[PDB]
Amino acid sequence: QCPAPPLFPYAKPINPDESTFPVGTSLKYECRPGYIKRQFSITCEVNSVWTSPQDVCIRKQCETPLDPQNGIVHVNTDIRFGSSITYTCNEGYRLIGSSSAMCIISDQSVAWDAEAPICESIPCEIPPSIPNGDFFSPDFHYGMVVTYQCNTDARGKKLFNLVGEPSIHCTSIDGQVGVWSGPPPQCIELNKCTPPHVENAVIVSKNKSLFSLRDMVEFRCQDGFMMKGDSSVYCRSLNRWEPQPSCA
């Protein structure tokens, strides 16, 4: 009075074709590849329904995954047959290798179909060379800082004004390519001024790549705003402008 047995995703019959079994019939089943090896029986009970033993087939375990150095392993389900793991690298590190692995049948057991990846520090190009100066460094990777310094004269006395941020650091925008945080500073002669900047204004006087002491600069505010302060300023020592205007 029993119908054909259920068709288990984890088990198969040891000796496979029929559609009618009397009550009390026992059939010999086997756990499929990737499950811990076991032979068992399914029985046709008095009410014409089949019963199999509890937790008969357990999925085989793959080796314990570890977090890469400077990275993390993500176990989304478990570390058994059919499951997958993904890897990510931490901030300032980039992945080399496979970003995922799956627990698959390997010979007479189970194994990860890929090796764990490396999370290496994002590298940087040598920082820029600047005329009349250089950077101090103890090979550049994410986070490293470099400070620039102007050359002194042959007697160790100040010869240039260091203009801008003296320090820059290796960073990244995409998490793959390393970029320096900003531009390097400049080493300007003591009787010179660098071109001045006023937001939402243009220079109407002669533009210069570099200005000399007492040189004048005239600014014009763009259409929409206008002068606050004097429009004319003059080059002072130590890269200063006297007086120091605005466009609001």
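Count begins at 1; order follows the chain as displayed.
Each residue, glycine too, has its Cβ placed from N, Cα and C.
According to Swiss-Prot, the disulfide bond annotation covers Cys2-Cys44, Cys31-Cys57, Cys62-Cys103, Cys89-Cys119, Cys124-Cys170, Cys150-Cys187, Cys193-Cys235, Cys221-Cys247, on the basis of experimental evidence. Annotation source Swiss-Prot lists domain 'Sushi 2' at 60-121.
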Q) Using DSSP, how many residues in the domain 'Sushi 2' (60-121) fall into helix, strand and coil? A) 0 helix, 32 strand, 30 coil
Q: Quick one: pull the CA-CA distance for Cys44 (disulfide bond) versus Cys247 (disulfide bond), whole Å only.
A: 91
Q.
My understanding is the cutoff is Cβ-Cβ under 8 Å with a sequence separation of 6 or more in the same chain; which residues meet that for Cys89 (disulfide bond)?
A. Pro68, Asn70, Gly71, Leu95, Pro117, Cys119, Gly175
Q | Same chain, 6+ residues apart, C-beta under 8 Å of the C-beta of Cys235 (disulfide bond), given in sequence order | A | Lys192, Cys193, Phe211, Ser212, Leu213, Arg214, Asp215, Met216, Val217, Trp241
Q) With 3 residues left out of the model, how far is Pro138 from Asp139 at the Cα, in Å? A) 9
Q: List the Cα distance (Å, whole number) between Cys247 (disulfide bond) and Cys103 (disulfide bond).
A: 64
Q.
Tell me the Cα distance separating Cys62 (disulfide bond) from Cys170 (disulfide bond), rounded to the nearest angstrom.
A. 39
Q | Cα-to-Cα gap, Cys103 (disulfide bond) vs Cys124 (disulfide bond), nearest whole Å | A | 36
Q: Tell me whether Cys150 (disulfide bond) sits in a helix, a strand or coil according to DSSP.
A: strand
(Q) With the cut-off set at 10 Å between Cβ atoms, which of these disulfide-bonded residues ends up with the most neighbours? Options: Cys57, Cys150, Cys193, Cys221, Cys247. (A) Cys193
Q) What is the total of other Cβ atoms whose distance to the Cβ of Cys119 (disulfide bond) is within 10 Å? A) 21
